Amino acid sequence: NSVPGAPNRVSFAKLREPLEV
Amino acid sequence: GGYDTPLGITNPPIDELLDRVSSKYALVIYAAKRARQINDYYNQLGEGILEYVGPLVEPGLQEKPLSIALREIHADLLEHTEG
Amino acid sequence: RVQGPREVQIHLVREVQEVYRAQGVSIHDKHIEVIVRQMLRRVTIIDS
Amino acid sequence: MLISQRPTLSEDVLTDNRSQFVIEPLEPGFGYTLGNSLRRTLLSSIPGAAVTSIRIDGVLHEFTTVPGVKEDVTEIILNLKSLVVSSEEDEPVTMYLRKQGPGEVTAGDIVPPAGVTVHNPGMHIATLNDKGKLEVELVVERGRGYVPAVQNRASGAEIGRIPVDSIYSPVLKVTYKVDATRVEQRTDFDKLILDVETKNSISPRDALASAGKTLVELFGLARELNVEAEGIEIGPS
Amino acid sequence: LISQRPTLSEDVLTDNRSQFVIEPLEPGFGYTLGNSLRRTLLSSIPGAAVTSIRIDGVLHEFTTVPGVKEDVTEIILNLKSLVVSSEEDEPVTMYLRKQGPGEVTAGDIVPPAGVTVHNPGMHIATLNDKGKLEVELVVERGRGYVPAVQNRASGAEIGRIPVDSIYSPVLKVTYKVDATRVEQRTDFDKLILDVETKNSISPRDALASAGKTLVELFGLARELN
Amino acid sequence: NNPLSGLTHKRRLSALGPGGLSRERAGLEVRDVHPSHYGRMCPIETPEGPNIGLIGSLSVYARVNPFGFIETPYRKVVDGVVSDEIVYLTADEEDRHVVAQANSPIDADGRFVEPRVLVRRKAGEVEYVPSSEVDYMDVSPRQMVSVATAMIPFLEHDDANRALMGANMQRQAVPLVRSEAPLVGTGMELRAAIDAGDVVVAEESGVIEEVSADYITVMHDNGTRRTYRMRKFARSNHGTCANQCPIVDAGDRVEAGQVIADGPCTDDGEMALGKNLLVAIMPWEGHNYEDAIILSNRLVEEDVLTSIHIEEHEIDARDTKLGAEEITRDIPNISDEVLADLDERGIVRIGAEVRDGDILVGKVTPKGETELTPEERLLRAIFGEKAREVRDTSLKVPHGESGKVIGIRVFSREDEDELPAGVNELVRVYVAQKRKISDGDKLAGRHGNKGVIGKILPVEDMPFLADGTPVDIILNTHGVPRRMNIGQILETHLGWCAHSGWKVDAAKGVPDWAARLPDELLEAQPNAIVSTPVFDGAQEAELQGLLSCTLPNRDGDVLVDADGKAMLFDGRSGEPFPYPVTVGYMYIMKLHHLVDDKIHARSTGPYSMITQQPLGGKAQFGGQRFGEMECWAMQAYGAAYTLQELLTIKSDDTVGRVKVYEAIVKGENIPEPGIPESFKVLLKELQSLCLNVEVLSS
Amino acid sequence: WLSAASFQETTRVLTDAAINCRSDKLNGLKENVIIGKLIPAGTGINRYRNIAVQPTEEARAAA
Amino acid sequence: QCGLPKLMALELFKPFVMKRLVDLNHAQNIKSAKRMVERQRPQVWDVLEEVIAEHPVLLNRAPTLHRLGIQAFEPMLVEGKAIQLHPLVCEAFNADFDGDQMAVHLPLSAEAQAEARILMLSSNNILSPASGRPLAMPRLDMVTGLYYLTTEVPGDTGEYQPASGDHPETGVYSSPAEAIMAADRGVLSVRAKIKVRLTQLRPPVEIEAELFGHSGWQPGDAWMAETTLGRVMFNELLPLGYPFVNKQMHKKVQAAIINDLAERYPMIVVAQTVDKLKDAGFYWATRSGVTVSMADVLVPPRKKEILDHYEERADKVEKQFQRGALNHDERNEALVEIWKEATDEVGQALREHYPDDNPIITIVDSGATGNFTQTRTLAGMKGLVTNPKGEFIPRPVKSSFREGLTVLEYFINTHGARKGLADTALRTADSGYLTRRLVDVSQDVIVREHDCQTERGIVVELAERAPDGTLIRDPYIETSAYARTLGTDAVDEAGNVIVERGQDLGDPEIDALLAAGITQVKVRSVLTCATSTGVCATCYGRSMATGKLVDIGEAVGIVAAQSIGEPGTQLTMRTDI
Ligand SMILES: [Mg+2]
Ligand SMILES: [Zn+2]
């Protein structure tokens with residue numbers, strides 16, 4: 001998320017992004 | 001003639017018409033000229049009638065002259081001279 | 001020029017038919033025969 | 001309320017017992033509702049009678065052929081199955097048919113007492129030959145629907161009896177088809193055409209009449225919730 | 001084999017859901033009987049629904065009202081799910097009167113005699129201190145759904161806003177069967193049918209109306225004799 | 001036509017223009033995908049027409065170096081340890097180093113379990129390399145992908161062609177009236193919606209003072225306030241609505257960088273280009289034959305798929321030697337029922353419905369003078385009609401559109417505006433209509449499955465589950481295996497799982513498939529939202545496990561079995577279908593290829609100046625072009641007369657045109673075709689080109 | 001020369017035809033298409049174009 | 001028939017409805033009729049529907065490859081704004097419902113209407129003019145439906161099994177009516193082997209000759225058929241005189257059936273029967289239960305072992321390449337061969353693992369669509385991925401689209417995908433240019449006279465003899481020897497005349513030639529036609545579009561050039577000839 005108004009989107013990601021787009 | 005009855009645009013079977021003529025193009029010219037004659041007779045009804053005679057078969061309610069032309073060919077009511 | 005006009009028609013027709021049938025496409029020979037007859041219409045002049 | 005167009009029935013006789021029924025016009029979307037219900041009701045709602053079990057002389061274990069006659073037994077059992085009969089009584093009545101010497105076997109040589117009639121006397125059943133002798137015993141009862149062969153409970157008592165499938169429905173085959181004629185002008189109305197073919201004992205006309213009459217009876221029980229409710233009415237006849 | 005005439009019981013689960021049992025049927029009839037009931041019970045049940053709306057502050061349905069939090073088409077969409085029942089076929093009008101901040105619900109609407117809003121707890125929009133909501137409703141009986149008629153085809157005012165109307169008290173419907181298939185040939189079907197209505201009419205009433213329509217449509221065929 | 005199209009219009013790379021190469025100049029070498037494009041330029045987002053391979057789109061992580069070179073970041077690894085230092089490398093810089101797999105078995109210290117890891121070398125060769133030898137590793141998956149093509153779930157299962165096509169239709173979606181968030185999507189949707197710019201973002205935090213449809217005023221933390229003027233039903237550049245609805249309350253504190261009001265294709269601040277619909281992958285009576293789709297009329301009734309279309313019409317009132325053009329009601333020879341919805345100022349009343357041919361703006365113009373027919377002189381004495389010396393050069397609503405009127409933006413020189421020279425008044429009227437879904441409209445998912453609407457049939461005539469819920473959409477099964485787009489059924493299964501919800505029974509130990517599956521996923525609520533990155537997403541085993549646990553809705557009913565299919569009853573016959581059919585929820589969006597904008601017919605319109613052939617295009621009356629290839633088929637049949645009529649009297653011969661019109665108004669036989677005028681014009685060009693050309697009778 | 005003109009290298013064939021005073025027969029299919037005359041194929045040949053159609057005498061008697 | 005939007009027809013038939021409505025007194029005057037029609041008042045719709053009756057219209061889809069690209073239909077008014085196109089002529093137009101558009105042209109003259117009604121009617125042109133194969137064949141969905149209908153699964157419900165002692169066979173049915181009555185209940189499935197006494201269906205030739213004798217007329221006489229009632233319904237579609245088939249229905253089998261029907265039955269009959277086939281196929285495609293899902297897409301258990309074995313071989317060859325004994329060229333070639341063998345092994349393993357009744361399987365073997373290579377690409381492992389230059393990458397893909405791909409695998413696959421999609425756009429334009437050149441070069445070849453009476457002709461190999469001693473039929477006969485005319489008389493060993501000169505040389509004639517043992521024949525072709533202008537009709541031979549002798553004025557040159565130029569989009573090169 002990391003966005004104040006972000007709806008909770010559960011994701012099947014296996015690894016964490018070192019940086020955001 | 002065991003084929004079941006046709007419908008729509010193919011009310012006269014194409015093959016039965018084709019046996020009447022030598023080739024397909026001759027049949028097309030057959031139909032076109034007969035439809036033209038039908039239209040001229042329709043336009044000459046009120047005024048002086050030319051040598052043209054209208055539908056030798058019974059006409060329906062409102063059918064385009066080509067349809068009556070084909071029905072006339074199907075009844076062997078016309079003969080033609082090949083060019 | 002070495003096998004007359006008869007053999008070249010056979011060669012051309014068989015070659016184009018093989019090319020077209022390589023992809024499983026069926027075309028009858030007469031269609032290409034018309035064209036190859038069209039090519040062989042003219043003859044060159046070698047004497048005045 | 002009204003559908004603004006009184007639907008009509010058109011019946012076109014084709015053979016002695018074969019007809020085409022047309023429902024024109026019809027409220028949109030109702031074509032299938034009427035067609036499937038009508039075809040199922042015709043197939044499995046009209047009372048009728050058919051043969052159920054078969055016993056013939058000379059057979060106790062030979063389910064292939066019978067002496068006296070030359071042809072096999074499957075032809076005989078199928079021909080017996082394809083027999084029309086109208087019975088006004090519910091008990092299984094026994095049939096017989098016998099003759100001496102070579103000849104042609106037809107249903108006209110059957111011996112039907114009062115209460116049962118056969119409408120196909122001129123139907124070939126077998127070809128007796130070689131000074132043959134046969135004695136065919138039939139069991140026929142009435143009902144409705146289509147039911148397969150039912151095993152003989154008294155196999156010991158009736159070892160020559162053989163079960164067979166039965167065609168209780170007087171109607172043979174029904175097919176329906178819908179189309180979209182005159183949809184735009186009369187608000188999506190459609191024709192529903194029915195093809196009906198029944199046995200020669202009865203006719204498609206009264207067959208469909210009785211089918212609809214049965215359907216309306218069994219549906220008035222569903223109607224009997226609010227006697228005065230709101231629906232749609234047809235009009236005159 | 002069974003020679004017994006079919007019956008029809010009733011099984012009520014909630015105030016809008018019911019289970020219907022028709023016993024005994026004939027093997028293979030239950031599916032088609034359920035389908036035939038369901039199609040007409042879903043698409044041929046007369047009902048009442050809103051047709052046109054009018055707002056004194058707007059001229060058409062693409063302009064926001066000063067004070068309302070939603071936009072005009074949002075109020076159209078919200079009141080599209082209203083539950084209104086009437087008994088007379090003549091069109092009738094309704095009225096909405098709400099002032100100041102606060103939620104506006106169907107319970108705020110004051111309907112005339114013969115019109116009952118069965119869903120008063122449904123909210124329509126929300127206001128503020130500048131809330132000025134003067135909303136006109138019209139309701140007529142009908143069947144099926146009808147797309148929005150053109151306000152120029154009929155002699156209607158400029159401010160009149162047509163709305164798509166759907167007259168269908170039935171919400172959801174399903175059927176299930178379970179035949180016996182006994183070796184003794186005692187075969188019959190047991191049709192269990194379910195009806196769920198939109199709190200306008202009880203499932204019993206919708207089933208009765210559908211049955212009446214089918215009875216007439218089949219007595220159409222019965223008269224052939 | 002949607003925020004995604006705006007996003008991808010920027011951040012896209014073209015190859016045409018001044019100094020570039022044209023399509024004919026472009027060989028096969030340019031259109032390819034060079035291995036150096038990895039991470040720099042996405043190899044998917046590309047127009048599929050003649051411009052294939054020339055116009056592309058930038059990747060999501062790419063950056064422009066100060067010199068104009070496209071530059072991408074990458075993690076650096078040393079001795080089997082990957083640091084968090086992020087360096088930026090150009091294309092040629094990657095030659096010297098070795099970049100590793102985006103998804104590699106990191107052990108939470110940087111070492112990879114096996115030495116040989118799939119890496120990309122200098123010359124584009126992909127070979128195995130020991131772990132201690134690699135020096136760089138990719139930032140993350142979806143680094144070689146574009147923003148538009150990062151929204152496709154299960155991208156790694158779709159073929160490159162179908163993924164390309166789906167990325168293309170992503171830009172062509174139209175804004176609906178609800179814009180429901182997709183049940184299954186990718187994490188890029190939120191960022192794309194926020195960065196599109198048409199979703200208003202609260203720049204500074206604080207509580208909300210007051211909210212309203214037309215405006216929102218946020219109360220900051222320090223004294224001053226900020227008001228955000230909203231845009232309602234703003235016409236877009238492609239005739240699509242741009243509604244902007246707020247999604248906050250009266251007194252809820254907001255945070256800087258938070259969404260405030262949703263854009264045309266957004267809800268709750270994330271991308272929403274379509275809707276979630278029940279799907280049946282079975283064929284149905286051939287109405288879905290060959291990529292056709294059949295939808296439920298519920299979508300028409302419930303307004304599930306409907307889009308507003310704002311249309312703008314302009315009229316110019318310039319200066320002429322007739323005097324001036326007045327915007328009044330004094331239009332000669334007009335009735336009343338057509339003038340009832342037009343105000344006394346020369347324009348339409350705001351909120352009056354119009355259709356084709358209706359009068360829109362009354363621009364009276366002095367007619368001038370020509371040969372007044374004698375018949376007019378006789379006619380004026382039979383009814384007393386005045387001369388009516390002005391030509392009614394008004395605004396007629398063109399064919400094939402209708403709807404209500406939004407508003408009037410009127411400009412005038414009397415209003416003291418900067419109108420062009422000679423132009424006195426400029427009036428722009430806006431017309432809007434609610435376009436329902438209908439047959440012929442193009443629908444498509446996100447995996448590239450396209451197709452027009454074969455039939456809109458009522459809810460009774462559809463398969464329905466044991467729950468009695470009618471299906472929503474129906475797709476043909478033949479299109480799935482023959483197009484390598486297997487990802488769509490995976491998305492369908494995941495959508496059904498999200499719609500139903502699941503509770504993995506991790507009571508007797510965690511299931512093996514769920515072990516790698518993260519936390520907070522073993523439990524889910526009905527109609528929840530899940531995300532799946534394009535290349536790091538849910539595996540097949542995870543989907544199998546989700547399908548295994550499919551807790552029912554309200555009763556006890558597992559409609560979808562473990563394998564994924566489901567039982568459906570026919571709505572027409574009523575008997576159950578002999579075999580189960582897979583059901584689920586797939587994202588479906590309307591495309592901007594509506595049948596209304598693509599229907600055209602012409603009986604007799606205008607003709608060009610040089611040749612008397614008709615014009616082309618829907619802007620004018622048009623008229624279909626009969627190319628010479630169609631003439632070849634004409635000749636092949638041998639239908640000589642039909643070709644003669646087409647080329648002579650339906651196209652060219654003026655006298656033939658008027659004569660044939662007279663023929664099929666008098667009911668008289670159609671006369672012989674004449675000599676085409678275009679041939680005479682060619683003859684004249686040859687004659688005037690210093691070529692003596694003469695046609696010889698005998 | 002008309003067919004060659006409308007096929008490829010219009011200027012070259014036009015120049016060479018003009019030099020040679022090449023008079024076209026206007027009998028080919030493409031030329032008849034350009035002029036608008038009936039093509040010499042299908043229903044365009046003289047055998048079919050000049051077909052005379054009149055009713056049979058028995059049919060005339062039936063009226 | 002063909003659909004036509006109501007507004008489209010209203011605008012197309014403008015003057016017709018004006019004259020009709022004024023004739024009906026709808027508008028006293030035509031000036032009134034202007035606004036009468038443009039306001040679209042309700043009275044225009046019925047008067048419009050009156051004038052469409054039996055007025056044919058033309059339909060066209062760009063581009064027009066072959067002669068069948070333009071077809072004439074008799075339209076009915078349909079609500080909406082889309083043209084309702086019949087699902088059978090999609091092959092002719094090459095039309096797909098992705099969103100492709102079609103243009104409609106309205107014939108005007110009486111002559112033009114006659115030509116549209118006769119030559120261009122969609123029913124009158126079924127056979128492809130290119131090769132003579134039926135082009136109005138049932139396509140994907142109906143092929144799947146018929147394949148499901150006429151398949152015969154053993155061990156099904158209600159099968160026929162011989163028995164004695166306690167119960168009869170209980171598998172024989174009196175009439176198809178009783179068969180469908182049983183099938184309405186659950187007792188009997190459609191695809192179960194049964195025995196039925198048939199009456200209205202002609203038995204096969206062998207059974208007819210054996211039982212019915214010389215007089216083998218079917219509807220009167222009853223006979224016993226051992227088949228499945230689904231095949232009975234399928235046979236019911238065909239005309240009465242057609243013999244029973246009792247065979248499973250692939251694309252090629254229906255092609256043969258329709259070809260024979262067109263050969264020995266009137267055109268209207270086949271035009272009706274193909275429609276009946278379409279209806280039945282569409283109806284039975286729904287119940288076929290062909291549906292794709294994760295369960296249907298299975299992976300081979302043996303895939304891991306085969307992949308590991310070929311990976312070990314690849315490791316050995318890579319170590320060999322490192323030693324330097326073999327150059328990089330040998331490395332790439334050996335890797336390519338090893339991986340091609342690996343993917344062949346994976347393909348055959350997948351073929352042996354998939355059940356014969358799997359949805360993808362019944363799709364692929366029914367011939368409706370797809371090929372087994374595409375299935376292997378779906379489940380298993382794709383194979384070798386190409387390069388932008390055209391080479392094969394030494395390190396190929398290993399997973400499948402069902403198992404998912406990693407980023408660089410997707411990159412390399414994108415290479416080839418983009419290459420192919422760029423090549424297609426150039427190849428279509430090149431094919432168009434080739435068609436233009438062919439049409440221009442062959443414009444003047446038109447049949448002029450019936451026969452030139454010449455004796456010059458060509459010779460066709462026609463099934464050269466085998467060393468073992470037999471008549472091995474030539475693989476290429478229908479394109480070379482069929483639909484011809486004999487330049488001389490076919491006589492064997494100076495004996496009887498099997499086929500005299502001047503014969504259509506149909507299938508019975510070729511069968512007689514093969515039976516007689518003859519191999520070499522002379523053919524009267526166009527290459528030796530003695531006509532000064534054009535070609536004589538006999539030299540050209542049978543016309544594939546009509547199935548009869550070519551007419552006296554058909555433009556054979558244009559039809560040819562179109563037939564050669566049409567399949568130009570399907571031409572693909574191999575991996576300096
Ligand atoms: Mg297409
Ligand atoms: Zn010759």
# chains A, B, ... in the order shown; residues from 1 in each chain; ligands from 1

call {"tool": "select_by_dssp", "arguments": {"residues": "chain G", "states": "helix (DSSP H, G or I)", "output": "MDAnalysis selection string"}}
result
chainID G and resid 2:5 10:20 29:35 42:44 46:49 57:61

call {"tool": "interface_residues", "arguments": {"of": "chain B", "to": "chain H", "cutoff": "8 Å", "atoms": "only C-alpha atoms", "output": "tab-separated table (two decimals) with N, CA, C and O atoms, in the first residue's frame"}}
result
chain	number	residue	atom	x	y	z
B	3	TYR	N	-37.32	-32.69	-53.59
B	3	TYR	CA	-36.90	-31.57	-52.77
B	3	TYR	C	-38.10	-30.89	-52.12
B	3	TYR	O	-39.15	-30.71	-52.74
B	8	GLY	N	-38.68	-17.83	-50.01
B	8	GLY	CA	-38.02	-16.55	-50.25
B	8	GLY	C	-37.64	-16.36	-51.70
B	8	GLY	O	-38.41	-16.64	-52.62
B	9	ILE	N	-36.42	-15.86	-51.90
B	9	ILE	CA	-35.97	-15.40	-53.21
B	9	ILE	C	-35.90	-16.54	-54.22
B	9	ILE	O	-35.95	-16.30	-55.43
B	13	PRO	N	-37.22	-22.94	-58.49
B	13	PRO	CA	-35.91	-23.60	-58.39
B	13	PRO	C	-34.99	-23.15	-59.51
B	13	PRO	O	-35.41	-23.00	-60.66
B	14	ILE	N	-33.72	-22.94	-59.17
B	14	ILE	CA	-32.77	-22.44	-60.15
B	14	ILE	C	-32.48	-23.50	-61.20
B	14	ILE	O	-32.31	-23.19	-62.39
B	15	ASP	N	-32.40	-24.76	-60.79
B	15	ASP	CA	-32.05	-25.83	-61.73
B	15	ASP	C	-33.16	-26.06	-62.75
B	15	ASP	O	-32.88	-26.28	-63.94
B	23	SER	N	-27.66	-21.75	-71.15
B	23	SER	CA	-26.63	-21.40	-70.18
B	23	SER	C	-27.16	-20.31	-69.27
B	23	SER	O	-28.19	-19.68	-69.55
B	24	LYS	N	-26.44	-20.08	-68.17
B	24	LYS	CA	-26.93	-19.20	-67.12
B	24	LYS	C	-27.09	-17.77	-67.60
B	24	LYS	O	-28.09	-17.11	-67.28
B	28	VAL	N	-30.27	-15.16	-67.56
B	28	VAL	CA	-30.27	-13.82	-66.97
B	28	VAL	C	-30.87	-12.82	-67.94
B	28	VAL	O	-31.69	-11.98	-67.58
B	29	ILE	N	-30.45	-12.90	-69.21
B	29	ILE	CA	-30.98	-11.98	-70.21
B	29	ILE	C	-32.47	-12.23	-70.43
B	29	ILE	O	-33.26	-11.29	-70.58
B	31	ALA	N	-34.66	-13.29	-68.20
B	31	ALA	CA	-35.39	-12.69	-67.09
B	31	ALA	C	-35.40	-11.17	-67.18
B	31	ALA	O	-36.43	-10.54	-66.96
B	32	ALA	N	-34.25	-10.57	-67.50
B	32	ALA	CA	-34.17	-9.12	-67.55
B	32	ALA	C	-35.11	-8.56	-68.60
B	32	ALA	O	-35.88	-7.63	-68.33
B	33	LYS	N	-35.06	-9.11	-69.81
B	33	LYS	CA	-35.91	-8.59	-70.87
B	33	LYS	C	-37.38	-8.84	-70.59
B	33	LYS	O	-38.23	-7.99	-70.89
B	35	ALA	N	-38.76	-8.94	-67.62
B	35	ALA	CA	-39.15	-7.96	-66.61
B	35	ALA	C	-39.33	-6.58	-67.24
B	35	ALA	O	-40.25	-5.84	-66.88
B	36	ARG	N	-38.46	-6.22	-68.18
B	36	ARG	CA	-38.62	-4.95	-68.88
B	36	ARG	C	-39.95	-4.91	-69.62
B	36	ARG	O	-40.68	-3.92	-69.55
B	63	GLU	N	-45.54	-7.89	-56.60
B	63	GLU	CA	-44.27	-8.56	-56.83
B	63	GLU	C	-43.47	-7.80	-57.88
B	63	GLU	O	-44.02	-7.31	-58.86
B	64	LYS	N	-42.16	-7.73	-57.65
B	64	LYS	CA	-41.28	-7.05	-58.59
B	64	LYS	C	-41.29	-7.81	-59.92
B	64	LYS	O	-41.32	-9.04	-59.93
B	66	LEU	N	-39.30	-8.92	-61.99
B	66	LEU	CA	-38.36	-10.02	-62.18
B	66	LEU	C	-38.95	-11.34	-61.69
B	66	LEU	O	-38.74	-12.40	-62.30
B	67	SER	N	-39.69	-11.30	-60.57
B	67	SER	CA	-40.26	-12.52	-60.02
B	67	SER	C	-41.30	-13.12	-60.97
B	67	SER	O	-41.30	-14.33	-61.23

call {"tool": "residues_near_ligand", "arguments": {"ligand": "ligand 1", "cutoff": "8 Å", "atoms": "only C-alpha atoms and all ligand atoms", "output": "list in words"}}
result
residues 95, 96, 97, 98, 99 and 100 of chain H

call {"tool": "write_last_selection", "arguments": {"atoms": "C-alpha atoms", "output": "CSV table (one decimal), in the first residue's frame"}}
result
chain,number,residue,atom,x,y,z
H,95,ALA,CA,-15.0,-12.6,-42.3
H,96,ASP,CA,-14.6,-12.8,-38.6
H,97,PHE,CA,-16.7,-11.1,-35.9
H,98,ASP,CA,-13.8,-9.3,-34.2
H,99,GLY,CA,-15.4,-6.1,-35.3
H,100,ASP,CA,-14.8,-6.3,-39.0

call {"tool": "residues_near_ligand", "arguments": {"ligand": "ligand 2", "cutoff": "10 Å", "atoms": "only C-alpha atoms and all ligand atoms", "output": "list in words"}}
result
residues 449, 450, 451, 452, 453, 454, 455, 456, 457, 487, 524, 525, 526, 527, 528, 529, 530, 531, 532, 534, 535, 536, 537, 538, 539 and 540 of chain H

call {"tool": "residues_around", "arguments": {"residues": "residue C:25", "least_positions_apart": "3", "cutoff": "10 Å", "atoms": "only C-alpha atoms", "output": "ChimeraX atom specification"}}
result
/C:17-22 /H:131,567,570-571

call {"tool": "write_last_selection", "arguments": {"atoms": "C-alpha atoms", "output": "CSV table (one decimal), in the first residue's frame"}}
result
chain,number,residue,atom,x,y,z
C,17,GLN,CA,2.2,-26.1,-57.4
C,18,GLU,CA,4.8,-27.5,-55.0
C,19,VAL,CA,5.3,-24.0,-53.5
C,20,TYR,CA,1.6,-23.5,-52.9
C,21,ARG,CA,1.1,-27.1,-51.6
C,22,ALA,CA,4.0,-26.7,-49.1
H,131,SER,CA,-10.0,-25.9,-56.2
H,567,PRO,CA,-3.8,-17.8,-50.7
H,570,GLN,CA,-0.7,-18.2,-46.1
H,571,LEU,CA,2.8,-18.3,-47.7

call {"tool": "atom_distance", "arguments": {"atom1": "atom CA of residue F:130", "atom2": "atom CA of residue F:36"}}
result
22.7 Å

call {"tool": "residues_around", "arguments": {"residues": "residue A:17", "least_positions_apart": "4", "cutoff": "12 Å", "atoms": "only C-alpha atoms", "output": "compact mmCIF listing (two decimals) with C-alpha atoms, in the first residue's frame"}}
result
# COMPACT_ATOMS: atom_id res chain seq x y z
CA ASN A 1 0.00 0.00 0.00
CA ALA A 13 3.63 -11.22 -4.49
CA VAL A 21 7.73 3.16 -9.35
CA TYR F 61 11.00 1.94 -14.18
CA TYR F 74 19.26 -2.26 -11.36
CA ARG F 75 20.40 -3.81 -8.09
CA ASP F 84 20.04 -2.19 -1.55
CA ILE F 86 20.30 1.15 -6.66
CA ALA F 102 14.30 -10.50 -11.78
CA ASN F 103 12.81 -13.33 -9.68
CA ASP F 138 17.12 -6.61 -11.74
CA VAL F 139 15.18 -4.21 -9.53
CA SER F 140 11.98 -6.26 -9.63
CA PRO F 141 9.68 -8.14 -12.02
CA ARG F 142 7.58 -6.11 -14.47
CA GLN F 143 10.68 -4.04 -15.19
CA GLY F 187 -0.87 -3.24 -8.01
CA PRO F 533 1.72 -8.77 -10.33
CA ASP F 536 5.35 -12.54 -9.71

call {"tool": "residues_around", "arguments": {"residues": "residue G:50", "least_positions_apart": "4", "cutoff": "10 Å", "atoms": "only C-alpha atoms", "output": "JSON, numbers by chain"}}
result
{"B": [26, 29, 81, 82, 83], "G": [43, 44, 45, 46]}

call {"tool": "write_last_selection", "arguments": {"atoms": "N, CA, C and O atoms", "output": "short mmCIF file (atom, residue, chain, number, x, y, z; two decimals), in the first residue's frame"}}
result
data_model
loop_
_atom_site.label_atom_id
_atom_site.label_comp_id
_atom_site.auth_asym_id
_atom_site.auth_seq_id
_atom_site.Cartn_x
_atom_site.Cartn_y
_atom_site.Cartn_z
N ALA B 26 -27.71 -16.65 -70.59
CA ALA B 26 -28.90 -16.55 -71.43
C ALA B 26 -30.15 -16.46 -70.57
O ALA B 26 -31.08 -15.71 -70.90
N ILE B 29 -30.45 -12.90 -69.21
CA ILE B 29 -30.98 -11.98 -70.21
C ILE B 29 -32.47 -12.23 -70.43
O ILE B 29 -33.26 -11.29 -70.58
N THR B 81 -34.45 -16.43 -79.19
CA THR B 81 -33.50 -16.70 -80.25
C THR B 81 -32.12 -16.29 -79.77
O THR B 81 -31.91 -15.13 -79.42
N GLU B 82 -31.20 -17.25 -79.75
CA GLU B 82 -29.84 -16.96 -79.32
C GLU B 82 -29.17 -16.03 -80.32
O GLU B 82 -29.38 -16.13 -81.54
N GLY B 83 -28.36 -15.10 -79.81
CA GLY B 83 -27.66 -14.15 -80.66
C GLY B 83 -26.69 -14.80 -81.63
O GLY B 83 -25.78 -14.16 -82.15
N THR G 43 -22.34 -11.68 -69.43
CA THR G 43 -23.50 -11.25 -70.19
C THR G 43 -23.18 -10.13 -71.17
O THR G 43 -24.11 -9.50 -71.69
N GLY G 44 -21.91 -9.87 -71.42
CA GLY G 44 -21.54 -8.77 -72.29
C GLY G 44 -21.29 -9.18 -73.73
O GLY G 44 -21.22 -8.32 -74.61
N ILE G 45 -21.16 -10.48 -73.99
CA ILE G 45 -20.87 -10.92 -75.34
C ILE G 45 -22.11 -10.78 -76.21
O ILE G 45 -23.24 -10.63 -75.73
N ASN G 46 -21.89 -10.82 -77.53
CA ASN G 46 -22.97 -10.51 -78.47
C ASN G 46 -24.05 -11.57 -78.47
O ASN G 46 -25.22 -11.26 -78.75
#
